[PDB]
$ cat my_file-v6.cif   # mmCIF, C-alpha atoms and all ligand atoms
data_input
loop_
_atom_site.label_atom_id
_atom_site.label_comp_id
_atom_site.auth_asym_id
_atom_site.auth_seq_id
_atom_site.Cartn_x
_atom_site.Cartn_y
_atom_site.Cartn_z
CA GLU A 62 -110.16 37.18 -185.31
CA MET A 63 -106.91 37.49 -183.35
CA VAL A 64 -105.67 40.71 -184.95
CA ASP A 65 -105.83 43.82 -182.74
CA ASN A 66 -106.26 41.74 -179.58
CA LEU A 67 -103.62 43.76 -177.70
CA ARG A 68 -104.02 47.11 -175.99
CA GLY A 69 -101.77 49.12 -173.74
CA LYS A 70 -100.52 52.39 -172.35
CA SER A 71 -97.12 53.42 -173.72
CA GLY A 72 -94.30 52.48 -171.36
CA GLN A 73 -96.62 50.28 -169.29
CA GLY A 74 -96.72 47.17 -171.43
CA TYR A 75 -99.18 45.46 -173.76
CA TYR A 76 -102.01 43.26 -172.51
CA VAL A 77 -104.46 40.70 -173.90
CA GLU A 78 -107.88 39.76 -172.54
CA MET A 79 -108.10 36.44 -170.73
CA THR A 80 -110.49 34.68 -168.40
CA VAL A 81 -109.65 32.58 -165.37
CA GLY A 82 -111.78 30.22 -163.33
CA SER A 83 -115.25 28.70 -163.61
CA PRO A 84 -117.36 30.61 -164.33
CA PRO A 85 -114.92 32.82 -166.29
CA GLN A 86 -113.49 35.91 -164.60
CA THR A 87 -112.25 38.45 -167.14
CA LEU A 88 -108.83 40.02 -166.58
CA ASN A 89 -106.40 42.01 -168.72
CA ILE A 90 -103.01 40.30 -168.76
CA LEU A 91 -99.67 41.82 -169.76
CA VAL A 92 -97.86 39.77 -172.40
CA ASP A 93 -94.29 39.18 -171.26
CA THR A 94 -91.73 37.24 -173.29
CA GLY A 95 -89.19 38.15 -170.61
CA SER A 96 -90.51 35.88 -167.85
CA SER A 97 -92.23 32.54 -167.38
CA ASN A 98 -94.84 32.87 -164.63
CA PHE A 99 -98.56 33.41 -165.17
CA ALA A 100 -99.68 35.56 -162.24
CA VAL A 101 -102.74 37.65 -161.47
CA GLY A 102 -103.79 40.12 -158.80
CA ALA A 103 -105.87 38.07 -156.37
CA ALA A 104 -106.51 40.62 -153.63
CA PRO A 105 -107.49 44.31 -153.55
CA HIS A 106 -104.83 46.83 -154.57
CA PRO A 107 -105.11 50.61 -155.06
CA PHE A 108 -104.08 50.23 -158.71
CA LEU A 109 -106.24 47.18 -159.45
CA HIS A 110 -109.61 47.68 -161.14
CA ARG A 111 -110.44 44.04 -160.40
CA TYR A 112 -108.80 40.83 -159.21
CA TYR A 113 -108.96 37.03 -159.32
CA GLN A 114 -111.40 35.71 -156.72
CA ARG A 115 -110.48 32.07 -156.16
CA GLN A 116 -113.40 31.36 -153.83
CA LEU A 117 -115.77 32.04 -156.75
CA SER A 118 -114.13 29.43 -158.99
CA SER A 119 -115.21 25.80 -158.60
CA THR A 120 -112.32 24.65 -160.78
CA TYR A 121 -109.55 26.27 -158.75
CA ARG A 122 -107.12 23.78 -157.22
CA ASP A 123 -104.75 24.93 -154.48
CA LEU A 124 -101.14 23.76 -154.86
CA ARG A 125 -100.29 24.69 -151.27
CA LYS A 126 -97.03 26.40 -152.19
CA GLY A 127 -95.90 30.02 -152.08
CA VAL A 128 -94.07 31.84 -154.86
CA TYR A 129 -92.07 35.06 -155.19
CA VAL A 130 -90.92 36.81 -158.37
CA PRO A 131 -88.52 39.81 -158.39
CA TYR A 132 -88.33 41.54 -161.78
CA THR A 133 -85.98 44.31 -162.86
CA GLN A 134 -88.93 46.58 -162.07
CA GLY A 135 -91.28 45.44 -159.32
CA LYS A 136 -91.85 42.24 -157.39
CA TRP A 137 -94.75 40.16 -156.10
CA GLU A 138 -95.53 37.20 -153.88
CA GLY A 139 -98.45 34.84 -153.99
CA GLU A 140 -99.95 31.38 -153.76
CA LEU A 141 -99.75 28.73 -156.48
CA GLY A 142 -102.74 26.84 -157.82
CA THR A 143 -104.26 25.73 -161.11
CA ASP A 144 -107.45 26.75 -162.87
CA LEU A 145 -109.10 26.95 -166.28
CA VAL A 146 -107.99 29.75 -168.58
CA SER A 147 -109.26 30.94 -171.95
CA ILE A 148 -108.33 33.72 -174.36
CA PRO A 149 -111.50 35.27 -175.82
CA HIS A 150 -109.71 36.86 -178.78
CA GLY A 151 -107.01 34.22 -179.12
CA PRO A 152 -107.22 30.51 -180.00
CA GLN A 153 -110.62 29.08 -179.06
CA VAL A 154 -109.33 26.54 -176.57
CA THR A 155 -109.57 26.28 -172.79
CA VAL A 156 -106.67 24.95 -170.77
CA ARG A 157 -105.87 24.18 -167.15
CA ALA A 158 -102.77 26.15 -166.24
CA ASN A 159 -100.61 27.09 -163.28
CA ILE A 160 -101.61 30.44 -161.78
CA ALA A 161 -99.83 32.51 -159.16
CA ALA A 162 -102.42 34.38 -157.10
CA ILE A 163 -100.69 37.63 -156.16
CA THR A 164 -101.44 38.60 -152.56
CA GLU A 165 -98.65 41.11 -151.99
CA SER A 166 -96.67 43.30 -154.40
CA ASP A 167 -94.22 46.21 -154.53
CA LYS A 168 -93.95 48.65 -157.44
CA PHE A 169 -95.40 46.00 -159.75
CA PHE A 170 -98.95 47.11 -160.56
CA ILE A 171 -99.05 50.44 -162.39
CA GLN A 172 -101.59 53.21 -161.80
CA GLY A 173 -103.95 53.42 -164.78
CA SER A 174 -102.37 50.62 -166.84
CA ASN A 175 -105.62 48.66 -167.20
CA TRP A 176 -103.99 45.25 -166.66
CA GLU A 177 -104.32 43.01 -163.62
CA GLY A 178 -101.84 40.21 -164.24
CA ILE A 179 -98.91 39.04 -166.31
CA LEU A 180 -98.35 36.19 -168.78
CA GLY A 181 -94.78 34.92 -168.83
CA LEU A 182 -94.26 33.42 -172.28
CA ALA A 183 -90.64 32.31 -171.80
CA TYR A 184 -89.35 28.87 -170.78
CA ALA A 185 -89.63 26.82 -167.61
CA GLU A 186 -85.93 27.26 -166.79
CA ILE A 187 -86.60 30.75 -165.40
CA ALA A 188 -89.99 30.02 -163.82
CA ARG A 189 -90.30 30.43 -160.04
CA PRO A 190 -90.12 28.66 -157.66
CA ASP A 191 -88.31 26.36 -160.11
CA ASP A 192 -88.48 24.74 -163.54
CA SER A 193 -91.08 22.17 -162.50
CA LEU A 194 -93.76 24.86 -162.70
CA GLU A 195 -94.99 24.41 -166.26
CA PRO A 196 -95.40 27.79 -168.00
CA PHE A 197 -98.72 28.70 -169.61
CA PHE A 198 -97.70 28.35 -173.25
CA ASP A 199 -96.28 24.88 -172.63
CA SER A 200 -99.60 23.85 -171.09
CA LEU A 201 -101.44 25.37 -174.02
CA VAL A 202 -99.47 23.37 -176.58
CA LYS A 203 -99.67 20.13 -174.60
CA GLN A 204 -103.42 20.35 -174.08
CA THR A 205 -104.54 21.70 -177.45
CA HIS A 206 -103.61 21.20 -181.10
CA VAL A 207 -101.97 24.63 -181.35
CA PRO A 208 -98.62 24.80 -183.20
CA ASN A 209 -95.68 25.62 -180.93
CA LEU A 210 -95.21 29.24 -182.01
CA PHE A 211 -96.63 32.70 -181.39
CA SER A 212 -95.95 36.11 -182.86
CA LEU A 213 -96.19 39.68 -181.59
CA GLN A 214 -96.95 42.87 -183.47
CA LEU A 215 -96.57 45.73 -180.99
CA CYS A 216 -97.70 49.05 -182.46
CA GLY A 232 -102.42 48.48 -179.67
CA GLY A 233 -101.14 45.38 -181.40
CA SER A 234 -101.67 41.69 -182.07
CA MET A 235 -100.63 38.45 -180.44
CA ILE A 236 -101.14 35.59 -182.89
CA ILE A 237 -100.90 32.14 -181.34
CA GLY A 238 -100.15 29.09 -183.45
CA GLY A 239 -99.05 30.77 -186.65
CA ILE A 240 -97.87 33.70 -188.73
CA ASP A 241 -100.18 36.39 -190.07
CA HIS A 242 -98.82 37.81 -193.32
CA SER A 243 -101.18 40.78 -193.13
CA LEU A 244 -99.09 41.96 -190.19
CA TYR A 245 -95.77 42.48 -191.97
CA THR A 246 -94.12 43.41 -195.24
CA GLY A 247 -90.94 42.17 -196.89
CA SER A 248 -88.93 39.20 -195.67
CA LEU A 249 -88.82 37.45 -192.30
CA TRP A 250 -85.25 37.05 -191.03
CA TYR A 251 -84.47 34.51 -188.31
CA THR A 252 -81.95 34.44 -185.49
CA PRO A 253 -81.40 31.32 -183.35
CA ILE A 254 -82.74 31.01 -179.84
CA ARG A 255 -79.36 30.31 -178.27
CA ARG A 256 -80.79 28.58 -175.23
CA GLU A 257 -84.35 28.01 -174.07
CA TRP A 258 -84.72 29.94 -170.85
CA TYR A 259 -85.19 33.58 -171.73
CA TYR A 260 -85.61 34.09 -175.44
CA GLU A 261 -81.85 34.48 -175.67
CA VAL A 262 -80.27 35.70 -178.90
CA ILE A 263 -76.87 36.89 -180.11
CA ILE A 264 -75.97 40.38 -181.32
CA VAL A 265 -72.89 40.34 -183.55
CA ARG A 266 -72.52 44.04 -184.41
CA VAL A 267 -73.89 47.44 -183.45
CA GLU A 268 -73.77 50.53 -185.64
CA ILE A 269 -74.87 54.11 -185.02
CA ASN A 270 -75.34 56.28 -188.10
CA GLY A 271 -73.68 53.39 -189.93
CA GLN A 272 -70.57 53.59 -187.77
CA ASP A 273 -69.40 50.44 -185.97
CA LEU A 274 -69.08 50.75 -182.19
CA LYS A 275 -65.98 48.61 -182.69
CA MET A 276 -66.13 46.33 -179.67
CA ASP A 277 -65.46 42.63 -179.36
CA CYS A 278 -68.90 41.25 -180.15
CA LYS A 279 -69.07 39.29 -176.89
CA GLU A 280 -69.47 42.64 -175.14
CA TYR A 281 -72.88 43.02 -176.81
CA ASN A 282 -74.10 39.85 -175.09
CA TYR A 283 -72.61 40.15 -171.61
CA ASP A 284 -74.26 38.70 -169.48
CA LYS A 285 -76.78 37.55 -172.14
CA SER A 286 -79.09 39.18 -174.72
CA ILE A 287 -82.86 38.68 -174.59
CA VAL A 288 -86.06 39.61 -176.44
CA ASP A 289 -88.45 40.94 -173.82
CA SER A 290 -91.91 42.39 -174.51
CA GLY A 291 -92.27 43.03 -170.79
CA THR A 292 -89.47 45.60 -170.64
CA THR A 293 -89.89 49.11 -172.06
CA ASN A 294 -86.37 50.19 -173.00
CA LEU A 295 -83.53 48.90 -175.10
CA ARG A 296 -81.20 48.05 -172.23
CA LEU A 297 -77.47 47.64 -172.94
CA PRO A 298 -74.45 46.34 -170.97
CA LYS A 299 -72.55 49.21 -169.32
CA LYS A 300 -69.65 49.24 -171.80
CA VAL A 301 -71.97 49.13 -174.81
CA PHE A 302 -74.38 51.68 -173.35
CA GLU A 303 -71.62 54.21 -172.71
CA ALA A 304 -70.22 53.76 -176.21
CA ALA A 305 -73.69 54.08 -177.74
CA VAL A 306 -74.43 57.30 -175.86
CA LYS A 307 -71.11 58.80 -176.88
CA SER A 308 -71.94 58.09 -180.52
CA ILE A 309 -75.53 59.34 -180.37
CA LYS A 310 -74.38 62.53 -178.60
CA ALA A 311 -71.83 63.01 -181.37
CA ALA A 312 -74.43 62.59 -184.11
CA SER A 313 -76.93 64.92 -182.42
CA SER A 314 -74.33 67.45 -181.27
CA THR A 315 -76.10 70.36 -182.96
CA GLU A 316 -78.23 70.40 -179.81
CA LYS A 317 -76.99 69.88 -176.25
CA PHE A 318 -79.11 68.11 -173.65
CA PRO A 319 -78.74 67.72 -169.87
CA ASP A 320 -76.89 64.65 -168.61
CA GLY A 321 -80.13 63.65 -166.91
CA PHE A 322 -81.71 63.09 -170.31
CA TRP A 323 -79.06 60.58 -171.37
CA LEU A 324 -79.56 58.87 -168.00
CA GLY A 325 -83.20 58.45 -168.97
CA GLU A 326 -84.27 60.41 -165.91
CA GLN A 327 -85.52 63.73 -167.31
CA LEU A 328 -87.51 64.77 -170.37
CA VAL A 329 -86.48 66.71 -173.45
CA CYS A 330 -89.28 68.83 -174.93
CA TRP A 331 -89.85 70.66 -178.20
CA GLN A 332 -92.69 72.93 -179.30
CA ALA A 333 -95.48 70.62 -180.48
CA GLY A 334 -94.75 69.25 -183.94
CA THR A 335 -91.14 70.41 -184.14
CA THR A 336 -89.21 67.37 -182.88
CA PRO A 337 -85.87 67.44 -184.81
CA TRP A 338 -85.91 63.76 -185.76
CA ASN A 339 -83.24 64.24 -188.40
CA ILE A 340 -80.50 65.16 -185.92
CA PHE A 341 -80.74 61.78 -184.18
CA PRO A 342 -79.04 58.71 -185.70
CA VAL A 343 -80.41 55.35 -186.77
CA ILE A 344 -79.22 52.40 -184.72
CA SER A 345 -78.54 49.03 -186.34
CA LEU A 346 -78.48 45.84 -184.30
CA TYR A 347 -77.00 42.93 -186.27
CA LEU A 348 -78.33 39.55 -185.14
CA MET A 349 -76.71 36.17 -185.75
CA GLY A 350 -78.22 34.35 -188.72
CA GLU A 351 -79.14 30.69 -189.04
CA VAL A 352 -76.05 30.07 -191.19
CA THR A 353 -72.39 30.35 -190.16
CA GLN A 354 -71.02 33.90 -190.08
CA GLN A 355 -74.16 35.31 -191.70
CA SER A 356 -76.23 37.99 -190.01
CA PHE A 357 -79.04 40.45 -190.68
CA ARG A 358 -79.78 43.81 -189.13
CA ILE A 359 -82.77 45.47 -187.56
CA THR A 360 -82.64 49.25 -187.76
CA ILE A 361 -84.25 51.55 -185.24
CA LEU A 362 -85.20 55.20 -185.77
CA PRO A 363 -85.26 57.89 -183.08
CA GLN A 364 -89.06 57.69 -183.20
CA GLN A 365 -88.53 54.33 -181.53
CA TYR A 366 -85.86 55.15 -178.95
CA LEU A 367 -87.15 58.57 -177.97
CA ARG A 368 -90.29 57.54 -176.09
CA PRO A 369 -93.17 60.05 -176.00
CA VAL A 370 -94.40 60.93 -172.52
CA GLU A 371 -98.04 62.03 -172.53
CA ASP A 372 -98.91 64.77 -170.05
CA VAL A 373 -101.65 67.34 -170.57
CA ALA A 374 -99.65 69.75 -168.40
CA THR A 375 -96.73 69.82 -170.86
CA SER A 376 -98.88 69.45 -173.95
CA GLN A 377 -97.92 72.73 -175.60
CA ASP A 378 -94.80 70.65 -176.26
CA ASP A 379 -93.90 67.15 -177.33
CA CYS A 380 -91.68 65.66 -174.62
CA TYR A 381 -89.63 62.46 -174.66
CA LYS A 382 -87.55 60.19 -172.49
CA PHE A 383 -84.39 58.55 -173.83
CA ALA A 384 -85.43 54.89 -173.92
CA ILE A 385 -81.98 53.38 -174.19
CA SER A 386 -80.56 52.64 -170.74
CA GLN A 387 -77.84 50.77 -168.89
CA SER A 388 -77.97 47.14 -167.79
CA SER A 389 -75.81 44.95 -165.57
CA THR A 390 -77.72 41.80 -166.54
CA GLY A 391 -77.13 41.85 -170.28
CA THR A 392 -78.93 43.28 -173.28
CA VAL A 393 -82.71 43.55 -173.16
CA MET A 394 -84.47 44.17 -176.46
CA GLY A 395 -87.63 45.63 -175.00
CA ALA A 396 -90.79 47.13 -176.41
CA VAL A 397 -89.15 50.09 -178.12
CA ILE A 398 -87.10 47.64 -180.18
CA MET A 399 -90.06 45.34 -180.89
CA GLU A 400 -92.47 48.12 -181.85
CA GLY A 401 -92.70 48.48 -185.61
CA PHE A 402 -91.49 44.94 -186.14
CA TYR A 403 -93.43 41.71 -186.47
CA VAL A 404 -91.65 39.29 -184.16
CA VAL A 405 -92.17 35.55 -184.55
CA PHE A 406 -91.31 33.39 -181.55
CA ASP A 407 -90.83 30.13 -183.43
CA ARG A 408 -90.36 27.81 -180.48
CA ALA A 409 -90.75 24.71 -182.64
CA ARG A 410 -87.68 25.60 -184.69
CA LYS A 411 -85.85 27.34 -181.84
CA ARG A 412 -85.58 30.67 -183.65
CA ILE A 413 -86.90 34.25 -183.56
CA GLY A 414 -88.07 35.93 -186.75
CA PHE A 415 -88.13 39.67 -187.46
CA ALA A 416 -89.93 41.48 -190.26
CA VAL A 417 -90.97 45.08 -190.84
CA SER A 418 -94.39 45.59 -189.27
CA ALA A 419 -97.46 46.96 -191.02
CA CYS A 420 -97.65 49.49 -188.16
CA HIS A 421 -94.17 50.98 -187.67
CA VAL A 422 -93.59 54.69 -186.99
CA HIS A 423 -91.34 56.67 -189.34
CA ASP A 424 -91.16 59.75 -191.56
CA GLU A 425 -90.68 60.84 -195.17
CA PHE A 426 -86.88 60.46 -195.02
CA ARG A 427 -86.05 57.23 -193.19
CA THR A 428 -87.73 53.89 -192.54
CA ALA A 429 -87.05 51.15 -189.98
CA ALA A 430 -85.80 47.98 -191.65
CA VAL A 431 -84.96 44.30 -191.32
CA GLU A 432 -82.42 43.37 -193.95
CA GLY A 433 -79.52 41.15 -194.93
CA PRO A 434 -77.47 39.08 -195.49
CA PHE A 435 -74.22 40.38 -194.02
CA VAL A 436 -71.08 38.24 -193.84
CA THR A 437 -68.26 38.41 -191.29
CA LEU A 438 -64.65 37.31 -191.76
CA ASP A 439 -63.82 37.05 -188.05
CA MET A 440 -65.03 33.65 -186.84
CA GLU A 441 -65.26 34.48 -183.14
CA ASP A 442 -68.32 33.22 -181.27
CA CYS A 443 -70.15 36.27 -179.93
CA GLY A 444 -71.87 34.28 -177.21
CA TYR A 445 -70.60 35.19 -173.79
CA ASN A 446 -71.44 31.76 -172.34
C1 LIG A 501 -93.82 47.53 -168.95
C2 LIG A 501 -93.36 48.15 -167.63
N1 LIG A 501 -92.01 48.71 -167.78
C3 LIG A 501 -90.84 48.07 -167.42
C4 LIG A 501 -90.80 46.72 -166.95
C5 LIG A 501 -89.56 46.11 -166.60
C6 LIG A 501 -89.51 44.74 -166.10
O1 LIG A 501 -88.74 44.36 -165.21
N2 LIG A 501 -90.40 43.89 -166.65
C7 LIG A 501 -90.52 42.50 -166.24
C8 LIG A 501 -91.94 42.17 -165.70
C9 LIG A 501 -92.88 43.36 -165.56
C10 LIG A 501 -93.86 43.71 -166.53
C11 LIG A 501 -94.70 44.82 -166.31
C12 LIG A 501 -94.59 45.59 -165.12
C13 LIG A 501 -93.63 45.24 -164.15
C14 LIG A 501 -92.78 44.14 -164.37
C15 LIG A 501 -89.91 41.51 -167.26
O2 LIG A 501 -90.33 40.19 -167.00
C16 LIG A 501 -88.39 41.50 -167.14
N3 LIG A 501 -87.73 40.54 -168.03
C17 LIG A 501 -86.38 40.13 -167.57
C18 LIG A 501 -86.32 39.59 -166.14
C19 LIG A 501 -85.52 40.25 -165.17
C20 LIG A 501 -85.45 39.77 -163.85
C21 LIG A 501 -86.17 38.62 -163.47
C22 LIG A 501 -86.99 37.91 -164.42
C23 LIG A 501 -87.80 36.62 -164.02
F1 LIG A 501 -87.59 35.66 -164.92
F2 LIG A 501 -89.08 36.95 -163.99
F3 LIG A 501 -87.45 36.16 -162.81
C24 LIG A 501 -87.04 38.43 -165.76
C25 LIG A 501 -88.37 46.86 -166.71
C26 LIG A 501 -88.39 48.20 -167.18
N4 LIG A 501 -87.21 48.92 -167.28
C27 LIG A 501 -86.26 49.02 -166.17
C28 LIG A 501 -85.34 50.17 -166.57
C29 LIG A 501 -85.44 50.26 -168.09
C30 LIG A 501 -86.79 49.60 -168.38
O3 LIG A 501 -87.37 49.70 -169.46
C31 LIG A 501 -89.64 48.79 -167.53
#

$ encode --input "my_file-v6.cif" --output "structure tokens" --more "lines below"
Ligand SMILES: CCNc1cc(C(=O)N[C@@H](Cc2ccccc2)[C@H](O)CNCc2cccc(C(F)(F)F)c2)cc(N2CCCC2=O)c1
Amino acid sequence: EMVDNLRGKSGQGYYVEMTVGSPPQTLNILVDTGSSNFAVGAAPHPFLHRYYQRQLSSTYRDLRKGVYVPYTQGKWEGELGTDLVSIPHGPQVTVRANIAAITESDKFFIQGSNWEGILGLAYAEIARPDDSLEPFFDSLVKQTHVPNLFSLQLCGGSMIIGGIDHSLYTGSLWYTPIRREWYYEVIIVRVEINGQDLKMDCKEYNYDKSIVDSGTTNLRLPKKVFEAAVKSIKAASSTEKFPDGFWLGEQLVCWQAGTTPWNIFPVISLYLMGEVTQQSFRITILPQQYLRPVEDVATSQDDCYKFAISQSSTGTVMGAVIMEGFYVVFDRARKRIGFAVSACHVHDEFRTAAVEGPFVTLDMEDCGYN
């Protein structure tokens, strides 16, 4: 009953239905493995269809404390409290959880996104104001019998809480360690484009850190890695020349509807650290994943795309365009992240996204930046 419980607009995140307060107030909530605060619009906003009305909830308790969260994109401020929360198409349990009532925001809410709040599924260490603010999922596990694990299939999509749904993937699940419980931090040991190694010290791939983040759209890479990746993708696709603005992820590239030259763009392989010494596996991404379609009736004689790999100064972010087409298991109990090929990945008659291994490495260097 939990399958297909996610919806979204491409590039604007995936959300699940929740209710807050007594009696229940229904809100759509973006599912974000890249942060740790549960926050909802709680005052009118031009982009909000509805908002949390605390005065209508008898179970709301005010914590008398402000809170501010600045993301990579957007920021909000609000007031902390607790209230009862349920997930109509998730586990059938109700829990009292911390809630940030958003009273002011900047470039956070998105016009036409259909969500009104955000659910930070990461660990308390990155919660604001500090790590004493118990995140939602921790409250859920403490207060119910739900196993300490959830999984995401981003396609619509599914968030499965408490277990793994085999109907949602094919082949084997491969696991990489959660290096530290704050973000869902992982370690990338190798990157290949078109099968060719980028040939960098593997610590470069994880400077400052590397995270798995359903709340970010792009694959974001450290400057040095990004520039190397772009050079290699340009080389592979050199039969066509695009404006610099495209590689900067600023402007679109368009082709006559139906004629996107997928075959001229390379596959990208990210090798993740395995659970055993010097073993790894790879996840492979097709251009259908990293060239993000931009819907616009005005340009609809064409198919137009943005380049959804972009530069970061805060480490690697494996965002939605990496997670789409994979079934991703956040196995908190065993401190590991699993990847498998999703039942709903996008590909063609020539190439298919994959999760595969094992791969061994002779060089024993720790790829963690520290
Ligand atoms: C889905 C919308 N598209 C996005 C969203 C975000 C982004 O910053 N997402 C946030 C939250 C968010 C979710 C939805 C809307 C707005 C914010 C996520 O928590 C960051 N994790 C990491 C993080 C970073 C900083 C602070 C935190 C903290 F923990 F919350 F404090 C977390 C970056 C994008 N970018 C930017 C350029 C490339 C790209 O794809 C595109």

$ atom_distance --input "my_file-v6.cif" --atom1 "CA of residue 273 in chain A" --atom2 "CA of residue 344 in chain A"
10.1 Å

$ closest_residue --input "my_file-v6.cif" --among "A:187, A:430, A:419, A:90" --to "residue 358 in chain A" --atoms "only C-alpha atoms"
A:430

$ residues_around --input "my_file-v6.cif" --residues "residue 340 in chain A" --least-positions-apart "6" --cutoff "9 Å" --atoms "only C-alpha atoms" --output "PyMOL selection string"
chain A and resi 312-316

$ residues_around --input "my_file-v6.cif" --residues "residue 308 in chain A" --least-positions-apart "6" --cutoff "9 Å" --atoms "all atoms listed in the file" --output "list in words"
residues 269, 270, 272, 274 and 342 of chain A

$ residues_around --input "my_file-v6.cif" --residues "residue 71 in chain A" --least-positions-apart "2" --cutoff "9 Å" --atoms "all atoms listed in the file" --output "list in words"
residues 69, 73, 74, 75, 293, 368, 369, 370 and 371 of chain A

$ residues_near_ligand --input "my_file-v6.cif" --ligand "ligand LIG 501 (chain A)" --cutoff "6 Å" --atoms "all atoms listed in the file" --output "number ranges by chain"
A: 72-74, 93, 95-96, 130-135, 169, 187, 289, 291-294

$ closest_residue --input "my_file-v6.cif" --among "A:330, A:431, A:404, A:63" --to "residue 357 in chain A" --atoms "all atoms listed in the file"
A:431

$ residues_around --input "my_file-v6.cif" --residues "residue 351 in chain A" --least-positions-apart "5" --cutoff "9 Å" --atoms "only C-alpha atoms" --output "JSON, numbers by chain"
{"A": [251, 252, 253, 356, 412]}

$ atom_distance --input "my_file-v6.cif" --atom1 "CA of residue 122 in chain A" --atom2 "CA of residue 91 in chain A"
23.2 Å

$ atom_distance --input "my_file-v6.cif" --atom1 "CA of residue 348 in chain A" --atom2 "CA of residue 265 in chain A"
5.7 Å

$ closest_residue --input "my_file-v6.cif" --among "A:426, A:99, A:331, A:338" --to "residue 378 in chain A" --atoms "only C-alpha atoms"
A:331

$ closest_atom_pairs --input "my_file-v6.cif" --of "range 92-162 of chain A" --to "range 192-210 of chain A" --cutoff "7 Å" --atoms "all atoms listed in the file" --output "tab-separated table"
residue	atom	partner	partner_atom	distance
A:97	CA	A:196	CA	5.7
A:98	CA	A:196	CA	6.1
A:99	CA	A:197	CA	6.5
A:154	CA	A:205	CA	6.9
A:156	CA	A:201	CA	6.2
A:158	CA	A:197	CA	5.9
A:159	CA	A:197	CA	6.8

$ decode --input "my_file-v6.cif" --residues "range 421-436 of chain A" --atoms "C-alpha atoms" --output "PDB file, in the first residue's frame"
ATOM      1  CA  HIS A 421      14.714   3.486 -14.933  1.00  0.00           C
ATOM      2  CA  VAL A 422      14.910   5.371 -18.243  1.00  0.00           C
ATOM      3  CA  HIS A 423      17.077   3.975 -21.048  1.00  0.00           C
ATOM      4  CA  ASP A 424      17.068   2.898 -24.696  1.00  0.00           C
ATOM      5  CA  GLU A 425      17.617  -0.120 -26.950  1.00  0.00           C
ATOM      6  CA  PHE A 426      21.422   0.193 -26.814  1.00  0.00           C
ATOM      7  CA  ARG A 427      22.468   0.932 -23.236  1.00  0.00           C
ATOM      8  CA  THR A 428      21.083   0.332 -19.754  1.00  0.00           C
ATOM      9  CA  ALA A 429      21.888   1.904 -16.380  1.00  0.00           C
ATOM     10  CA  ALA A 430      23.517  -0.602 -14.039  1.00  0.00           C
ATOM     11  CA  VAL A 431      24.684  -1.414 -10.530  1.00  0.00           C
ATOM     12  CA  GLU A 432      27.422  -4.007 -10.708  1.00  0.00           C
ATOM     13  CA  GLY A 433      30.565  -5.419  -9.156  1.00  0.00           C
ATOM     14  CA  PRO A 434      32.821  -6.463  -7.539  1.00  0.00           C
ATOM     15  CA  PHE A 435      35.864  -4.405  -8.513  1.00  0.00           C
ATOM     16  CA  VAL A 436      39.175  -4.689  -6.673  1.00  0.00           C
TER      17      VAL A 436
END
